[PDB]
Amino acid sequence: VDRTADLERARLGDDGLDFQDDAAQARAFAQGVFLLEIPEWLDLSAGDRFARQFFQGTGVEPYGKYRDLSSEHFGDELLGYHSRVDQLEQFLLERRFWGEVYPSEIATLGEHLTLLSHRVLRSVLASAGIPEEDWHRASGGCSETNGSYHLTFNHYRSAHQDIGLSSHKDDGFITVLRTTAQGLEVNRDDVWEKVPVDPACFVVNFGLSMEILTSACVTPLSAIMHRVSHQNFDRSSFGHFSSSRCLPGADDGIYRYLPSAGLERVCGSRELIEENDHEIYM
């Protein structure tokens, strides 16, 4: 693909998300993807280094050892190191383990991104016309700080003859993606387009839970279809993912908002992730 998407750029300011104007904000939310300026005080260098190292094993300091932590170590099949069928290999960790398992500076990064994402999500919920007292249940806790949050590190193995990462929608409400190299593509309006590279911005997009939640609103919001093209050289990235609380045995559920009525349950949060990962990776 040779077309490059023209995305709207936003900033977090005194009143929440600031786009250039109300029309720009509407286009961004209608597309389900936009750029978000990275706060100047926020240090991403340890996260960038973790994404470059996590897969390399205990010979490589300080982060290569996370290659050896599989899902078995967490009692949760979703977490730890995972080789995917595509070029991608990942390390995924939910917030309840960050303080104990991640390096301290990586847990700190995760916490910063959680509070940034929280602020982004609340701006979106307000634009959707959902009553504020329904936000906590509608977002499975992400309208406050009680959601499930995964800080997930990605490395694309260019020696594998696969697509980088198959076409998919994310599971949750908000993904804050840190990417510094080409490869991410988005499908708005049934044409694949490259996401412009800008290491001064995150890429923000909505997941399936945002789409389900707002599907009956006057302006439904989409979970952007996106992929990573086959990489001829290595690539890395990381993202902060916000989902309805999906702990084993403590699942907040996924809801659709019915204007003038309230929230109706659609499915489980973990169930949605499992069904989505099935539909993606085959």
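Each residue number is its position in the shown sequence, starting from 1. Take the two forms, find the largest set of C-alpha atoms that superpose within 1.5 Å, and that set is the rigid core.
- Using the rigid core as the fitting frame, the root mean square C-alpha deviation in 7 other deposited structures of this protein is greater for 253-261 than for the other of 253-261 and 232-240.
- With 42-50 and 252-260 compared on mean CA B-factor from the PDB entry, the stretch scoring higher is 252-260.
- Stretches 243-251 and 57-65 differ in mean C-alpha B factor, with the higher average recorded for 243-251.
- Out of 81, 149, 74, 206, the entry records its largest CA B-factor for 74.
- Residue-level temperature factors show residue 188 in the highest third of its chain, judged at the C-alpha atom.
- Sorting the modelled residues of the chain by their CA temperature factor places residue 29 in the highest third.
- When the modelled residues of the chain are ordered by their C-alpha B factor, residue 127 lands in the highest third.
- Among all modelled residues in its chain, residue 214 ranks in the middle third by Cα B-factor.
- Ranked by Cα temperature factor within the chain, residue 231 sits in the lowest third according to the deposited record.
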